[PDB]
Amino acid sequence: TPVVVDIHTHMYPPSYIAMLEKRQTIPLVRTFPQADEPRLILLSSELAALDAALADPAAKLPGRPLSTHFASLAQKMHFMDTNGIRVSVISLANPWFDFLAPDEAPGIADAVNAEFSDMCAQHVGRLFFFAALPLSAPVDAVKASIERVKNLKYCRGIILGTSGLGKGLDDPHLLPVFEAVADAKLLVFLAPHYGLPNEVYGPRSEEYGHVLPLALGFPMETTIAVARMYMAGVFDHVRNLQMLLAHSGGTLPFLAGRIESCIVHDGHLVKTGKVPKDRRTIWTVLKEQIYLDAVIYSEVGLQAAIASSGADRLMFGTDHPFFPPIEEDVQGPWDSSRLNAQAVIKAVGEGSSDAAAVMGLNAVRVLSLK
């Protein structure tokens, strides 16, 4: 039944952008009279470059351009139509609602999630979404938000960053949140943003552009977050929890064997009763509660992911709009999308049932894509 579904694809909707425009501290959005697109500024490392451009506009324009590729639904549909994608499960891009004040967060999350539902309603059958949660608000407010979003048309899950309520995903206070999401039968899509402390990349990292934080920081962040969840016993505590991991689990398929060896050889864990004979291994969790996207750019990585979770638990994605062509027309086909489709072909063969599964039928099944 080969339909192509993209489960890793992002937007900033109008209500979100307008909210950021009203902000006076990071993250926030400024519209310069020189440029046709607003500027998104997240890190305080470039709020300074704003002041330069605000006074001496000869300086480089700060932050990221809030392009049509992030903000325009028509642009999203164009991307889909020109890259052979039938269905997208769209999600709010980083940094989501993580930075919002507790009192304002639930109301803003409501408006933004409402707008996502309405965007999906413009192209019935071709658009679904993962909702973001107001995780800076009290847990009761978070649980109320979950019960709300599960009743929004076209919502098929939750997108979650690695910070949780502020102390990461092994925070015990998140257990009722995971239970609420799991009982609502909402898939959790875990996505990176915070990366690693920039010092790890050394004094020359800027010479390499964004390669180190994007190529290494993001997948390593995802790995650490899920490893923490696993070690805390979250998957054992919430057995109906299902997680989709960005970028083929970051590095989890490659390090799963090492994680297992380190656990069974850890003196502290063994001697305090944390390594019982009946323990569910990370391999078991990878087959039973984890889905992996196929945003890995190589048959080498993809084969490791398939070996870890199985071909029925891998899902195609593009990470649109984060990797546009630098020299070819951005309104033409994107090689960053094509790279992963090619990885799928080389890994399991073109026209195979496994290819059809990874390219969309797994997503159709798991997310009940009407």
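One-based numbering along the sequence shown.
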* Structure fact -> Comparing 98-106 with 181-189, the higher average Cα temperature factor in the PDB entry belongs to 98-106
* Could you settle it for me: does 278-286 or 245-253 have the higher average Cα B factor in the PDB entry? => 278-286
* **Assigned third (lowest, middle, highest) for the C-alpha B factor of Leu135** => middle
* Compare the C-alpha B factor of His69 with those of the other modelled residues in its chain, then answer lowest, middle or highest third. => middle
* Grab the CA temperature factor for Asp319 from the record and place it in the lowest, middle or highest third of its chain. => lowest
* Once the chain's modelled residues are ordered by C-alpha B factor and cut into thirds, is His8 in the lowest, middle or highest one? -> lowest
* Asked: Against its chain's modelled residues, does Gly217's Cα B factor rank lowest, middle or highest third?
  -> lowest
